[PDB]
>>> print(open('data01.cif').read())   # mmCIF, C-alpha atoms
data_run
loop_
_atom_site.label_atom_id
_atom_site.label_comp_id
_atom_site.auth_asym_id
_atom_site.auth_seq_id
_atom_site.Cartn_x
_atom_site.Cartn_y
_atom_site.Cartn_z
CA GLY A 846 -51.45 27.83 -19.72
CA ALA A 847 -50.31 29.42 -16.47
CA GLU A 848 -46.85 28.66 -15.13
CA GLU A 849 -47.10 27.30 -11.59
CA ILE A 850 -44.73 27.43 -8.61
CA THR A 851 -45.07 24.04 -6.94
CA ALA A 852 -43.08 21.20 -5.40
CA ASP A 853 -44.49 18.49 -7.70
CA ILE A 854 -41.54 18.69 -10.08
CA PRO A 855 -41.43 15.85 -12.63
CA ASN A 856 -38.33 13.68 -13.09
CA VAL A 857 -36.83 14.90 -9.78
CA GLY A 858 -36.42 12.73 -6.70
CA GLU A 859 -36.70 13.51 -2.99
CA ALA A 860 -33.15 14.57 -2.09
CA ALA A 861 -33.47 17.62 -4.36
CA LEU A 862 -36.76 18.47 -2.62
CA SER A 863 -35.28 18.16 0.88
CA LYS A 864 -34.53 21.90 1.09
CA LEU A 865 -37.83 22.89 -0.56
CA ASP A 866 -40.95 23.63 1.46
CA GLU A 867 -44.55 22.64 0.67
CA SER A 868 -45.06 25.72 -1.52
CA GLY A 869 -41.84 25.08 -3.44
CA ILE A 870 -39.49 27.66 -1.93
CA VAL A 871 -36.37 26.90 0.10
CA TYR A 872 -36.26 27.71 3.80
CA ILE A 873 -34.34 30.56 5.38
CA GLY A 874 -30.93 29.34 6.50
CA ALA A 875 -30.59 26.53 3.96
CA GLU A 876 -27.06 25.73 2.82
CA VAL A 877 -27.26 25.38 -0.96
CA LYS A 878 -24.65 24.55 -3.59
CA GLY A 879 -24.53 24.70 -7.38
CA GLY A 880 -27.42 22.93 -9.07
CA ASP A 881 -29.74 22.96 -6.05
CA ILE A 882 -33.36 23.95 -6.64
CA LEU A 883 -34.43 27.16 -4.92
CA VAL A 884 -37.91 27.71 -6.39
CA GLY A 885 -39.77 24.78 -7.91
CA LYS A 886 -41.56 25.89 -11.06
CA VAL A 887 -43.37 23.81 -13.69
CA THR A 888 -44.13 25.07 -17.18
CA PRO A 889 -46.91 23.71 -19.42
CA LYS A 890 -45.47 22.29 -22.63
CA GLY A 891 -46.76 21.21 -26.02
CA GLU A 892 -46.80 17.77 -27.58
CA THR A 893 -43.42 16.22 -28.37
CA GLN A 894 -43.08 14.01 -31.46
CA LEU A 895 -40.79 11.49 -29.84
CA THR A 896 -38.32 9.52 -31.96
CA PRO A 897 -38.88 5.79 -32.63
CA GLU A 898 -36.21 4.55 -30.21
CA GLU A 899 -37.58 6.88 -27.55
CA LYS A 900 -41.05 5.36 -27.88
CA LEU A 901 -39.39 1.94 -27.69
CA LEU A 902 -37.91 3.02 -24.37
CA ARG A 903 -41.26 4.35 -23.17
CA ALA A 904 -43.10 1.18 -24.20
CA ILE A 905 -40.60 -1.14 -22.51
CA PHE A 906 -39.99 0.84 -19.31
CA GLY A 907 -43.35 2.59 -18.96
CA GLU A 908 -42.70 6.06 -17.53
CA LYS A 909 -45.42 7.96 -19.39
CA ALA A 910 -44.62 11.59 -20.15
CA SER A 911 -46.06 14.45 -18.11
CA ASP A 912 -47.71 17.68 -19.25
CA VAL A 913 -45.25 19.95 -17.40
CA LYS A 914 -41.54 20.62 -17.89
CA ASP A 915 -39.04 21.50 -15.16
CA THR A 916 -38.08 25.17 -15.51
CA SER A 917 -36.88 25.84 -11.97
CA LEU A 918 -34.59 28.39 -10.37
CA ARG A 919 -31.29 26.65 -9.64
CA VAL A 920 -28.20 27.96 -7.87
CA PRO A 921 -25.52 29.01 -10.38
CA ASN A 922 -22.49 26.76 -10.71
CA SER A 923 -19.54 27.42 -8.38
CA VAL A 924 -21.88 29.40 -6.08
CA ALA A 925 -22.55 28.03 -2.60
CA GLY A 926 -24.10 30.09 0.17
CA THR A 927 -26.85 30.56 2.74
CA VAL A 928 -30.39 31.69 1.96
CA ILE A 929 -30.97 34.74 4.15
CA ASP A 930 -34.25 36.15 2.79
CA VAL A 931 -37.11 35.21 0.47
CA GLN A 932 -39.64 37.71 -0.89
CA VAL A 933 -42.82 36.66 -2.71
CA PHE A 934 -44.70 39.15 -4.90
CA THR A 935 -48.17 38.20 -6.15
CA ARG A 936 -50.39 39.90 -8.70
CA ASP A 937 -53.72 41.15 -7.38
CA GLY A 938 -56.40 38.51 -7.89
CA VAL A 939 -53.99 35.55 -7.66
CA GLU A 940 -54.12 33.06 -4.81
CA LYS A 941 -51.45 33.99 -2.28
CA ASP A 942 -49.51 30.83 -1.46
CA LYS A 943 -48.80 29.73 2.10
CA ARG A 944 -45.28 31.17 2.15
CA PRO B 1044 -48.27 42.58 -17.44
CA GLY B 1045 -48.15 38.86 -18.07
CA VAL B 1046 -46.42 37.85 -14.83
CA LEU B 1047 -48.34 36.12 -12.05
CA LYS B 1048 -45.72 35.59 -9.35
CA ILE B 1049 -42.18 36.67 -8.48
CA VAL B 1050 -39.96 34.92 -5.94
CA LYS B 1051 -36.71 36.60 -4.89
CA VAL B 1052 -33.97 34.72 -3.01
CA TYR B 1053 -31.01 36.38 -1.28
CA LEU B 1054 -27.87 34.23 -1.08
CA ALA B 1055 -25.01 35.12 1.26
CA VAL B 1056 -21.54 33.87 0.28
CA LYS B 1057 -18.44 34.22 2.44
CA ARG B 1058 -15.59 34.69 -0.03
CA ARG B 1059 -12.14 33.97 1.41
CA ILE B 1060 -8.90 35.38 0.05
CA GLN B 1061 -7.26 33.08 -2.49
CA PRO B 1062 -4.59 33.20 -5.21
CA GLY B 1063 -5.65 35.41 -8.09
CA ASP B 1064 -7.36 37.96 -5.86
CA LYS B 1065 -6.25 41.57 -6.27
CA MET B 1066 -4.83 43.30 -3.20
CA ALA B 1067 -3.58 46.86 -2.99
CA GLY B 1068 -2.36 49.64 -0.75
CA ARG B 1069 -3.05 53.36 -0.99
CA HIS B 1070 -0.06 54.34 -3.16
CA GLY B 1071 -0.85 52.66 -6.47
CA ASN B 1072 0.87 49.41 -5.44
CA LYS B 1073 -1.59 46.85 -6.75
CA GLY B 1074 -0.90 43.15 -6.99
CA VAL B 1075 -2.27 39.66 -7.46
CA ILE B 1076 -1.76 37.01 -4.78
CA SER B 1077 0.49 34.27 -6.14
CA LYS B 1078 0.73 31.91 -3.17
CA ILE B 1079 -0.75 31.36 0.28
CA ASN B 1080 2.45 30.42 2.07
CA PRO B 1081 2.58 28.21 5.17
CA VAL B 1082 3.43 30.08 8.35
CA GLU B 1083 6.65 28.18 9.05
CA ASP B 1084 8.03 29.10 5.60
CA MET B 1085 7.81 32.85 5.92
CA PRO B 1086 10.45 35.26 7.25
CA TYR B 1087 10.40 35.95 10.97
CA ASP B 1088 12.18 38.26 13.38
CA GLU B 1089 14.31 37.58 16.46
CA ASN B 1090 11.27 37.40 18.76
CA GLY B 1091 9.77 34.80 16.41
CA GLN B 1092 7.03 36.93 14.87
CA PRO B 1093 6.54 36.04 11.19
CA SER C 4 35.47 11.93 20.70
CA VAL C 5 34.95 12.69 17.00
CA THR C 6 32.34 9.96 16.45
CA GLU C 7 30.11 9.88 19.55
CA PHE C 8 28.00 13.01 20.03
CA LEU C 9 26.40 14.32 23.22
CA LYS C 10 22.70 13.54 23.48
CA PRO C 11 20.63 16.64 24.36
CA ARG C 12 18.37 16.44 27.40
CA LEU C 13 15.58 18.55 28.83
CA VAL C 14 16.88 20.94 31.50
CA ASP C 15 14.34 23.52 32.65
CA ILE C 16 10.73 24.36 31.77
CA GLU C 17 10.10 28.01 32.67
CA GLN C 18 6.40 28.90 32.64
CA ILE C 19 6.24 32.70 32.53
CA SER C 20 2.50 32.81 31.84
CA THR C 21 -0.38 30.46 31.10
CA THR C 22 0.15 30.90 27.34
CA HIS C 23 3.93 31.47 27.31
CA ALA C 24 6.82 29.19 28.20
CA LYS C 25 10.51 28.46 27.65
CA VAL C 26 12.13 25.04 27.18
CA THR C 27 15.88 24.50 27.52
CA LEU C 28 17.77 21.73 25.71
CA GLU C 29 21.38 21.06 26.68
CA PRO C 30 24.01 20.15 25.57
CA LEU C 31 24.28 20.44 21.77
CA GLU C 32 27.21 20.17 19.37
CA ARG C 33 28.36 22.97 17.09
CA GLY C 34 25.73 23.55 14.42
CA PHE C 35 23.17 21.12 15.84
CA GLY C 36 21.48 23.93 17.77
CA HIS C 37 20.19 25.65 14.64
CA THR C 38 19.34 22.36 12.93
CA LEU C 39 17.20 21.07 15.79
CA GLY C 40 15.75 24.52 16.46
CA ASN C 41 14.55 24.99 12.91
CA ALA C 42 13.24 21.43 12.66
CA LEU C 43 11.30 21.75 15.91
CA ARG C 44 10.00 25.21 15.02
CA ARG C 45 8.75 23.96 11.66
CA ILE C 46 7.11 20.88 13.18
CA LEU C 47 5.48 22.75 16.08
CA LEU C 48 4.06 25.52 13.88
CA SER C 49 2.74 22.99 11.35
CA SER C 50 1.34 19.76 12.88
CA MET C 51 0.33 19.88 16.56
CA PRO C 52 -2.95 18.19 17.54
CA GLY C 53 -5.49 20.32 19.35
CA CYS C 54 -9.16 20.76 20.15
CA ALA C 55 -11.25 23.43 18.44
CA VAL C 56 -14.89 24.48 18.13
CA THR C 57 -16.38 22.93 14.99
CA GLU C 58 -20.17 23.41 14.99
CA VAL C 59 -22.53 25.53 17.08
CA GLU C 60 -26.28 25.44 17.67
CA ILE C 61 -28.06 28.52 19.02
CA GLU C 62 -31.76 28.53 19.85
CA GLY C 63 -33.83 30.76 17.60
CA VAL C 64 -30.98 31.16 15.08
CA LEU C 65 -31.32 29.74 11.57
CA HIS C 66 -28.18 31.15 9.94
CA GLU C 67 -25.04 33.11 10.75
CA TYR C 68 -26.17 36.38 9.14
CA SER C 69 -28.84 37.21 11.70
CA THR C 70 -29.35 38.99 15.01
CA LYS C 71 -30.99 38.10 18.32
CA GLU C 72 -33.06 40.23 20.68
CA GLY C 73 -31.16 41.50 23.69
CA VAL C 74 -27.83 40.52 22.11
CA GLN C 75 -25.46 43.32 21.15
CA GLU C 76 -23.30 41.26 18.78
CA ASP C 77 -24.42 39.50 15.63
CA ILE C 78 -24.20 35.73 15.38
CA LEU C 79 -21.25 35.98 13.00
CA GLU C 80 -19.34 37.94 15.64
CA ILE C 81 -20.27 35.32 18.24
CA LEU C 82 -18.86 32.60 15.99
CA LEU C 83 -15.68 34.62 15.43
CA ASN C 84 -15.33 34.94 19.20
CA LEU C 85 -15.94 31.20 19.62
CA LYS C 86 -13.07 30.53 17.22
CA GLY C 87 -10.83 32.10 19.86
CA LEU C 88 -11.85 29.62 22.55
CA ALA C 89 -9.15 27.50 24.20
CA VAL C 90 -10.44 24.11 25.36
CA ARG C 91 -8.64 20.94 26.47
CA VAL C 92 -10.38 17.59 25.93
CA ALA C 93 -9.38 14.59 28.02
CA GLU C 94 -7.49 11.91 26.13
CA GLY C 95 -9.55 9.21 24.46
CA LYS C 96 -12.33 11.56 23.33
CA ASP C 97 -12.52 13.20 19.90
CA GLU C 98 -15.92 14.95 19.88
CA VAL C 99 -17.51 16.57 22.93
CA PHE C 100 -20.51 18.83 23.47
CA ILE C 101 -20.62 21.80 25.84
CA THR C 102 -23.47 24.15 26.70
CA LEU C 103 -23.66 27.91 27.27
CA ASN C 104 -26.96 28.97 28.88
CA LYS C 105 -26.89 32.49 30.33
CA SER C 106 -29.67 34.96 31.06
CA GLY C 107 -29.38 38.51 32.38
CA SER C 108 -27.38 41.61 31.54
CA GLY C 109 -23.60 41.72 31.22
CA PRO C 110 -20.73 40.03 29.42
CA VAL C 111 -21.25 36.35 28.60
CA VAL C 112 -17.75 34.90 29.05
CA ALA C 113 -16.25 31.43 28.62
CA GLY C 114 -16.52 30.76 32.36
CA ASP C 115 -20.27 30.22 32.07
CA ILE C 116 -19.89 27.20 29.77
CA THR C 117 -21.02 23.99 31.46
CA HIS C 118 -18.80 20.96 30.85
CA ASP C 119 -19.00 17.31 31.89
CA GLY C 120 -15.52 17.27 33.46
CA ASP C 121 -13.72 15.88 30.40
CA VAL C 122 -13.32 19.42 29.01
CA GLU C 123 -11.32 22.19 30.69
CA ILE C 124 -11.55 25.83 29.63
CA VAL C 125 -8.17 27.56 29.54
CA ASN C 126 -9.36 31.18 29.16
CA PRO C 127 -12.41 31.68 31.42
CA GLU C 128 -12.21 35.46 30.86
CA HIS C 129 -12.72 35.27 27.08
CA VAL C 130 -15.65 37.53 26.20
CA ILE C 131 -18.05 35.52 24.04
CA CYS C 132 -21.04 37.86 23.93
CA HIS C 133 -22.78 40.85 25.51
CA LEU C 134 -26.35 40.75 26.82
CA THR C 135 -27.86 44.24 26.93
CA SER C 136 -31.29 43.55 28.46
CA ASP C 137 -32.55 41.92 31.64
CA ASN C 138 -34.84 39.61 29.64
CA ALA C 139 -32.11 38.62 27.17
CA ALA C 140 -31.23 34.92 27.22
CA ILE C 141 -28.67 32.93 25.23
CA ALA C 142 -28.67 29.13 24.88
CA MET C 143 -25.92 27.54 22.80
CA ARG C 144 -24.73 23.97 22.21
CA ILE C 145 -21.11 23.89 21.03
CA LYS C 146 -19.30 20.92 19.47
CA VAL C 147 -15.57 20.63 20.20
CA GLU C 148 -13.50 18.30 18.02
CA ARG C 149 -9.88 17.18 18.12
CA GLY C 150 -7.87 17.61 14.96
CA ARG C 151 -4.65 18.76 13.34
CA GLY C 152 -4.01 21.72 11.06
CA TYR C 153 -6.66 24.08 9.70
CA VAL C 154 -9.94 22.69 8.36
CA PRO C 155 -12.36 25.28 6.94
CA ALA C 156 -16.10 24.75 6.79
CA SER C 157 -15.98 24.21 3.02
CA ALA C 158 -13.36 21.45 3.22
CA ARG C 159 -15.55 19.32 5.50
CA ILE C 160 -17.04 16.33 3.71
CA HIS C 161 -20.83 16.34 3.35
CA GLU C 166 -28.29 15.29 6.61
CA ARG C 167 -27.59 18.62 8.33
CA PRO C 168 -30.52 20.42 10.00
CA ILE C 169 -31.01 24.13 9.43
CA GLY C 170 -29.62 25.83 12.51
CA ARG C 171 -26.32 23.96 12.78
CA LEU C 172 -23.73 26.68 12.16
CA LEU C 173 -20.39 25.37 10.90
CA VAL C 174 -17.31 27.14 12.28
CA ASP C 175 -13.84 27.15 10.74
CA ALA C 176 -11.49 25.32 13.10
CA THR C 177 -7.83 26.11 13.75
CA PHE C 178 -6.77 23.01 15.67
CA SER C 179 -3.13 24.05 16.06
CA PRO C 180 -2.53 25.45 19.58
CA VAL C 181 0.88 27.00 18.79
CA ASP C 182 0.95 30.72 17.99
CA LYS C 183 4.59 31.85 18.11
CA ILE C 184 7.86 29.93 18.22
CA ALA C 185 11.28 31.47 18.79
CA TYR C 186 14.61 29.82 19.47
CA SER C 187 18.09 30.95 20.50
CA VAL C 188 21.42 29.12 20.60
CA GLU C 189 23.67 30.21 23.46
CA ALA C 190 26.88 29.07 25.12
CA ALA C 191 26.63 26.17 27.56
CA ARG C 192 28.79 26.05 30.69
CA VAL C 193 29.81 22.39 30.59
CA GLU C 194 32.21 20.87 33.11
CA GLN C 195 35.13 20.31 30.71
CA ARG C 196 34.14 20.90 27.08
CA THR C 197 33.74 24.49 25.89
CA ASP C 198 32.41 23.96 22.33
CA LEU C 199 28.92 22.99 23.51
CA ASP C 200 25.64 24.83 22.99
CA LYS C 201 22.26 25.33 24.65
CA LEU C 202 18.95 25.74 22.82
CA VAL C 203 16.20 27.89 24.36
CA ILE C 204 12.78 27.57 22.71
CA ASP C 205 10.17 30.20 23.57
CA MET C 206 6.63 28.97 22.85
CA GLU C 207 3.56 31.20 22.87
CA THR C 208 0.42 29.05 22.72
CA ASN C 209 -3.23 29.15 23.79
CA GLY C 210 -2.43 27.11 26.91
CA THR C 211 -3.98 23.88 25.62
CA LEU C 212 -0.72 22.03 24.88
CA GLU C 213 2.00 21.64 27.49
CA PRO C 214 5.55 22.64 26.48
CA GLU C 215 7.25 19.37 27.43
CA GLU C 216 4.59 17.31 25.64
CA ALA C 217 4.88 19.52 22.55
CA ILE C 218 8.65 19.07 22.41
CA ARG C 219 8.39 15.29 22.72
CA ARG C 220 5.69 15.12 20.04
CA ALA C 221 7.73 17.21 17.59
CA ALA C 222 10.79 15.07 18.29
CA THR C 223 8.68 11.94 17.75
CA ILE C 224 7.43 13.12 14.35
CA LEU C 225 10.96 13.99 13.24
CA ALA C 226 12.14 10.59 14.46
CA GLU C 227 9.46 8.76 12.47
CA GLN C 228 10.39 10.45 9.20
CA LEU C 229 14.10 10.07 9.86
CA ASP C 230 13.41 6.35 10.33
CA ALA C 231 12.28 6.12 6.71
CA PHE C 232 15.51 7.92 5.87
CA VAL C 233 17.51 5.48 8.05
CA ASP C 234 16.20 2.36 6.33
CA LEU C 235 16.40 3.75 2.77
CA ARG C 236 15.18 0.78 0.74
CA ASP C 237 13.34 0.72 -2.57
CA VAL C 238 9.61 0.07 -2.28
#
>>> encode(input="data01.cif", output="structure tokens")
Amino acid sequence: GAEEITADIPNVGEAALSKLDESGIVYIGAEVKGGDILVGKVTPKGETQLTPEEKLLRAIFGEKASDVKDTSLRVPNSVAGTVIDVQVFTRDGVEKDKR
Amino acid sequence: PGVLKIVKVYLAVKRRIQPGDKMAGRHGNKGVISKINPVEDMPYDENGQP
Amino acid sequence: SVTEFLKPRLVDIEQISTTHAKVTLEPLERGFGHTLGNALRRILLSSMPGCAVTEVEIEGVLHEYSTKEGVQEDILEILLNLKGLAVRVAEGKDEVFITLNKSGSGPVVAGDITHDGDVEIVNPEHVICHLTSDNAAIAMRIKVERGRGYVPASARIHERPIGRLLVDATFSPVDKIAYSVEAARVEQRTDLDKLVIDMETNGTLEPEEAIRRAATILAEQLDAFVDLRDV
């Protein structure tokens, strides 16, 4: 399928989305540290043949798997700075996001 | 071809001087900082200027 | 006698300038001049409490690495100028907020900062910014905190809204310390010494108070030496 830039990142809470906007891109002037998400991107993934103990865990605790995996742009380790500019380039014919 | 979107982020980092950084003059006298000494521990003159 | 020493006492506080002073201690035994001078110089240059600018908030500014219309200097330069601001906070308060709202053309100096009376600016002629247009306006909200030593922005423990610009704080008000040991004209004894300590500061900390605080710190650690028991 088509890889999508969005804020609906699976298996990630709210604190990691605090610096992300509605589109999925951090604001200008955000203080970020290593491991922080800058651009939220979800990638379609194929079926996973989960191991028996894993399906035990899924049966007991619920938490059904999603169709997208988290492949997002994260700040490199030991790097902490301020976002000073964001540039978005879109192919012709693709919906230009809000940002 | 094949790409739908590109997002580019510029990060600004203020790097301070720390041990291991390489400092030099203009006469081939390079060096690596070994310690950031406290002010009171460094040599000073009669007027008190360290 | 050979057992009882002469206790030094404060003699004269000479205030040459707002940021420069001399303190005279007299009398002192042979060799005690250098000992006390070096101890006091090391304590004063190391751990004096003081008030410094910690965080700033400027309207229309999201980060340090940006400019503002009608403002000649970048925001990073404004923060570097704010680091060189001498402020005295009344005792009992740790964190205070001051405001700098100025519109017009000319040099925005520290004398235009509005304070609630618990904060006194020592250098009203410090140039903070330059406004180059008649329609240029600057509106800043500065946090001043009391501390000791040097605390960079990184070392501060970690919500913080985008727009709050953290500033490295040098709380220590002492810039230069010099000391000299000279002869003391005592009534009878002629082996006595006088210690003259020249202190160049930012004007925040008074000389007499600084000397007593350094002596107090040395006394507290020498107390743990005096007792000398296993813990």
>>> resolve_selection(input="data01.cif", expression="the PyMOL selection byres ((chain C) within 7 of (chain A))", output="PyMOL selection string")
chain C and resi 65-66+169
>>> write_last_selection(input="data01.cif", atoms="C-alpha atoms", output="compact mmCIF listing (two decimals), in the coordinates of the input")
# COMPACT_ATOMS: atom_id res chain seq x y z
CA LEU C 65 -31.32 29.74 11.57
CA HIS C 66 -28.18 31.15 9.94
CA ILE C 169 -31.01 24.13 9.43
>>> interface_residues(input="data01.cif", of="chain C", to="chain B", cutoff="6 Å", atoms="only C-alpha atoms", output="PyMOL selection string")
chain C and resi 45+184-185
>>> atom_distance(input="data01.cif", atom1="CA of residue 141 (chain C)", atom2="CA of residue 77 (chain C)")
12.4 Å
>>> resolve_selection(input="data01.cif", expression="the PyMOL selection byres ((chain B) within 6 of (chain A))", output="list in words")
residues 1047, 1048, 1049, 1050, 1051, 1052, 1053, 1054, 1055 and 1056 of chain B
>>> resolve_selection(input="data01.cif", expression="the PyMOL selection byres ((chain A and resi 912) around 7)", output="MDAnalysis selection string")
chainID A and resid 889:890 910:911 913:914
>>> closest_residue(input="data01.cif", among="C:201, C:91, C:105, C:149", to="residue 36 (chain C)", atoms="all atoms listed in the file")
C:201
>>> atom_distance(input="data01.cif", atom1="CA of residue 9 (chain C)", atom2="CA of residue 29 (chain C)")
9.1 Å
>>> residues_near_point(input="data01.cif", point="(6.8, 21.5, 13.8)", cutoff="10 Å", atoms="only C-alpha atoms", output="list in words")
residues 1083 of chain B; 40, 41, 42, 43, 44, 45, 46, 47, 48, 49, 50, 51, 181, 184, 217, 218, 220, 221, 222, 224 and 225 of chain C
>>> atom_distance(input="data01.cif", atom1="CA of residue 147 (chain C)", atom2="CA of residue 71 (chain C)")
23.4 Å
>>> residues_near_point(input="data01.cif", point="(2.2, 37.0, -4.6)", cutoff="10 Å", atoms="all atoms listed in the file", output="ChimeraX atom specification")
/B:1062-1066,1074-1080
